[PDB]
Structures are given as C-alpha cells and as structure tokens.
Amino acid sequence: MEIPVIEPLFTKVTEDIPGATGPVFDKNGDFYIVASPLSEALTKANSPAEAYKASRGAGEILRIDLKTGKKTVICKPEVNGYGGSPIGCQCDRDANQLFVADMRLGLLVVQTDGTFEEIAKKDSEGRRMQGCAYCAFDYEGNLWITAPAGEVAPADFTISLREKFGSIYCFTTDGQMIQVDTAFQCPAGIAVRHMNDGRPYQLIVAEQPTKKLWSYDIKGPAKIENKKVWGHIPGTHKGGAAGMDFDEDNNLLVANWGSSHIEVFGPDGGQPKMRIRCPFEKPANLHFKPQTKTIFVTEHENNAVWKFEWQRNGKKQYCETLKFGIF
C-alpha cells in the first residue's frame, strides 16, 4: 500500500536562524549550526532579485548550547570582501576543525576560535572552483562534496535550480580537489556507504528538484563509476531531498524539504521503507548526536532546530574513528 508513516515527538532545540542548516558535532561534543540568509532568500518570492542581493552578505557558523538553546557566533566567513555562504559541515578526525561547504567560497576549514582557511580557488585540472553545499567524509578521510552553485567568488552567484551545471567533487587526503562528475540539477545531500570493515564503496548523491537519489560505486579516492538512479523521493512539491545521514545499520535518512517528511531508505534504496512525519513542511538537514539515537533536524518553516529519537545510533562519523583503530 502507501509507504508506512510514523510521527515522533520533536523537541525544540533553538530558533531564529534563517536557512538553518549544517548541523554538526565536533570532537568535544559541541554542537554547531549554520545560518544561511541566502537559502532563505532563494525559497521566497522575487528570489531572483532578493537572493542576488543576499549573496553580497555573509552567513554564520554558530555554536549552540544544548541546554538553553543560546547561540554563539563562531565565524562569519568572508574573503576579499566577498561574503561566505556556508551550508554543510563535517568535523575532521585528527584535529578539532570543521570542513565547511560554502556556496560562494568553495570549501573552508574553520577553527573553533573562528579563523578559517579557504581551501581552493581552482580544482585539480585548473577549472575555477564551484560553490559547494554538502560534504561527507569517508573513513579513509576523503571529503565528498556537492556543488550546486556556479563559479565561486569573485564570479556573481549562480545556482543550478533550473540548469544542469551542478558538480560533485572529492577532496582527497593528500590535498587534491578533483571534480568527479557534473551536470546535476541542484545536487544537495551526499553520503558514503562503507563495508563493515571500513572500506568506502558506495556514494549516494541527492539531486533535489528531480526527486532522485543517485549512486556510484567507489573504486578508490576520487574514483567513482556506474552512476544509477538509486532512490525515489516522494511528492511533486517544490523542493526535494536536501540533507541526509546514515544510521548504524546503513539506513539513509533524507530530509525531504517541502514534504513535511524525513524519508527513510533501506540499504538497497528504491522506495523509502518508512517516512517520518515532521511538525513542519521544510526539514532541511539532519545529523545524529554521537553515541546516541538522537537526530538533530533543521527546518525552514520556523527557521528552527529540533530533535527526536530514532531506532538506533547514527553511523559513526569520520571524526569518531581512531587513526590506528585502537588509538
């Protein structure tokens, strides 16, 4: 019949964060969120004129106190007077720093004290870098990245909502920014499926407006092939798959922005196995709290962050692993 639905109790975490996104935990269990006024301007009326304007500003990386919901500004990135537009974050393993996809600046590495380095003006072949949105570390330390925006600053902001110029990258452990595919209409969330023993072997990439999840076989660092449609995202609403994350049994949980649901895919994809009804239309991003069943969810109806309890712990993030396994 219909896909099965559950409807958990979501508890409020924090609010008043436009385009709330990039939830992430660092190595000390500090919780961060990113504010994206550019995202908000893109989902509103007169978005052409509004978002162009909003792209001259800077988004924010915030630390959230989990008890009180109080926000502290960590970083308002900008380079040569071009404001950053961060979206998605991952924490590094060997040092306590955030890798941050940025739609104007590319990829950033942001320290807890608020300094940041911009990683790449150009890719490995000398093409100008594209603005990035979501990223995912594999257990080998390669960062897989979606790039829905056009060329990074100083180019005017452009985004692949209608036209197919969104790209995929892999930033390798030895410092190469390699473009691994292109021609997506607004690629969004990205994730890496691993074998039980740690080998990365499948890349899952969200393509938002087309309501598809794509998969590739991972052959090695920056080596992907056998592009296929892997999952179908329900609904005909404006929006689609955004952020996504794995639980410890490799179920993929996907924010279906505009649908009021987080979709749950099993290891083999296809149709979602279940759906999770949210008390808001626009779930945008999600992230498990380390060693818990707790999922943190950002949403653009109330511009807030919430949490709920899932069936099992999240997949261990890269930052939770140990370089030598036992130490």
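Residue numbers here begin at 1 and follow the sequence given.
In this entry, the higher average B-factor at the C-alpha atoms falls on 63-71, of the pair 63-71 and 289-297. Set 267-275 against 40-48 and average the Cα temperature factors; 40-48 ends up higher.
Of the candidates 229, 203, 170, 252, the PDB record gives 229 the highest C-alpha temperature factor. Looking only at 90, 176, 208, 85, the residue with the top Cα B factor in the deposited structure is 176. Ranked by C-alpha B-factor against the other modelled residues of its chain, residue 160 falls in the lowest third. Ranked against the other modelled residues of its chain, the C-alpha B-factor of residue 182 as given in the entry falls in the middle third.
Ranked within its chain, residue 96 lands in the middle third, by CA B factor from the PDB record. In this PDB entry, residue 130 carries a Cα temperature factor that places it within the lowest third of its chain's modelled residues. Annotation for residue 12: C-alpha temperature factor in the highest third relative to the rest of the modelled chain, per the entry.
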